[PDB]
Amino acid sequence: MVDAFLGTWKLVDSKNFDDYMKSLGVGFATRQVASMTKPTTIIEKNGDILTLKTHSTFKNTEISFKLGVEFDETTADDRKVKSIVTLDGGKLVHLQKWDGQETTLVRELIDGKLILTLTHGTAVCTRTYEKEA
Ligand SMILES: CCCCCC/C=C\CCCCCCCC(=O)O
């Protein structure tokens, strides 16, 4: 199920993150710092509650959720959203809704790497994470 996603992951590639942030209305100064930040993402489970931590030198976030149960979230860029995370096709799909807008954060495993695809508007960003021991 979710088990192969669990652990500590480090950013090792990023494509079109500025486009994604700009689509969300993130200001230039934040985008600038974010473009040079390499987060660590930690995914943990306790029974069927998942906790997803994102740690960096700039912004930190943490969310806890049950798969398939909506939760309130305040994102790194300070959007207050209604969220749900589900497994779909073996991918961990995180959908955020606010003001009639939506964005998806889709995680999948390819060759042992965690590929995060972020879509908002027409912007599609692909971030690659590798596992840490
Ligand atoms: C997490 C470090 C940079 C974040 C700075 C805030 C700017 C934009 C937030 C966009 C939504 C969250 C993106 C997460 C990207 C990721 O987990 O690699």
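Counting from 1, the numbers follow the sequence of the chain as shown. Counting convention: from 1, in listed order, for ligands and their atoms alike.
A cation-pi arrangement is present between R127 and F17, with the terminal nitrogen or guanidinium carbon under 6.0 Å from the aromatic centre and inside a 45° cone about the axis.
Put simply, the side chain of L114 does not reach to within 4.5 Å of the side chain of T128, judged on heavy atoms.
Under a 3.5 Å cut-off, the side chain of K97 and the backbone N or O of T103 do not form any donor-acceptor pair.
Counting protein heavy atoms only, atom 3 (C) of ligand 1 is closest to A34 CB, 3.9 Å. If you check which protein heavy atom lies closest to atom 12 (C) of ligand 1, you get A76 CB, 4.6 Å. Protein heavy atom in closest approach to atom 17 (O) of ligand 1: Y129 OH, 3.6 Å. Nearest protein neighbour of atom 10 (C) of ligand 1, counting heavy atoms only, is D77 OD1, 3.9 Å. Atom 15 (C) of ligand 1 has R127 NE, 3.8 Å as its closest protein atom, hydrogens excluded (heavy atom only).
For the residues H55, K59, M36, the heavy atom positioned nearest atom 5 (C) of ligand 1 is part of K59.
Residue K82 qualifies as open at atom NZ: its count of foreign heavy atoms under 6.0 Å is 12 or below.
For the residue pair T37/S56, the side-chain donor-acceptor check at 3.5 Å is not satisfied.
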Test log, rule salt bridge (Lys or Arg N to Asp or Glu O under 4.0 Å), inputs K10 and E130
CA-CA 5 Å; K10 322 293 268 190; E130 282 174 359; over 6 Å; no
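At a 4.0 Å cut-off, at least one heavy atom of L116 sits close enough to ligand 1 to count as contact.
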